[PDB]
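Below is one structure, written out as structure tokens; the observations come after it.
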Amino acid sequence: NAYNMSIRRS
Amino acid sequence: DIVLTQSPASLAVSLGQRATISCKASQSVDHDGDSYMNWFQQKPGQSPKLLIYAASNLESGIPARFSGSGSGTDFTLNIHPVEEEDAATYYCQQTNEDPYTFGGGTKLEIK
Amino acid sequence: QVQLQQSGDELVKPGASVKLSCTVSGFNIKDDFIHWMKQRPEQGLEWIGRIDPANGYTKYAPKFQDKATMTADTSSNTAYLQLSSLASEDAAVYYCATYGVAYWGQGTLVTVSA
């Protein structure tokens, strides 16, 4: 599952 | 901005052997214990395909022959073993800091 | 099951504008950012920016701030990229992506005539 961590969500 | 430098720019690897591609970031892409480096595969006329996210996570649908390692500024993509269908250009991408940036690509050929 | 279907290739004139689309199926676009990328064979892959379709908020790379305008419509699950005052360096393949950056559209070729 790449949704959470393939971008930095801040 | 973060500059990503890949090494080598191109390589030819014998079928069935291992290959490693390096991506070095000009500043850290770490945050809170994670490393926001992705690896993509692209073949001519096709969109980039995500292989690895957050340095070491294998994307669903991608063979376990691909693995990612590294943290901070130094990252590697390993292919083990290399197969014919792996002929492609590989890109690293950081998503730690805006703007996201991409490496210049590494073209892999089979011999 | 998620598909990002981008609009057809466009030949554009210098100084003109063009609006590209990215129609998403199998995914509620309110659920994530949509990202736009540019690719040229020499200058490689560049991130143009991302839009949050749930609120319309946009973030651009500084080099694209007065070239690109990202919009989206949850009503049609479609994102748009408007390129203004086209010039030679705008000829490229443009991609949209979502689900973090895991799922990409097939790309739209923009060619610029002489």
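Convention: sequence-line order gives letters A, B, ...; per-chain numbering from 1.
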Using the test salt bridge (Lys or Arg N to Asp or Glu O under 4.0 Å), find all partners of C/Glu46 that sit at least two apart in sequence or belong to another chain. C/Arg40, C/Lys63
Hey, what do you get for CG (C/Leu45) to OG1 (B/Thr89), rounding to the nearest 0.5 Å? 10.0 Å
Sort and list the pairs that fulfil salt bridge (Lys or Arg N to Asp or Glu O under 4.0 Å) and have at least one residue in residues 65-75 of chain B, not counting sequence neighbours. B/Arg65-B/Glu85, B/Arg65-B/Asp86
Could you give the distance from CG (B/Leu50) to OH (C/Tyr99), rounded to the nearest 0.5 Å? 11.5 Å
In terms of heavy-atom contacts, C/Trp47 and B/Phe102 come closest through N-CE1, 4.1 Å
Using heavy-atom distances under 4.5 Å, tell me whether B/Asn38 contacts chain C through its side chain, its backbone, both, or neither. side chain
In this structure, CD of B/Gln42 is separated from OH of C/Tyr95 (nearest 0.5 Å) by 4.5 Å
Does the side chain of B/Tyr100 reach to within under 4.5 Å of the side chain of C/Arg50, using non-hydrogen atoms? yes
Contact origin within B/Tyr53 toward chain C - heavy atom pairs under 4.5 Å: neither
Show the nearest heavy-atom pair for residues C/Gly105 and B/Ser47, with the distance to one decimal. O-OG, 2.6 Å
Just wondering, more than 12 heavy atoms not from C/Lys67 lying within 6.0 Å of its NZ? yes
Using the side chain to side chain contact (heavy atoms under 4.5 Å, CB included) rule, take B/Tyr91 and C/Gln39 through it: C-alpha gap first, then chi angles, then the decisive distance, then the call. CA-CA 12 Å; B/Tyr91 297 91; C/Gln39 186 170 27; 3.5 Å; yes
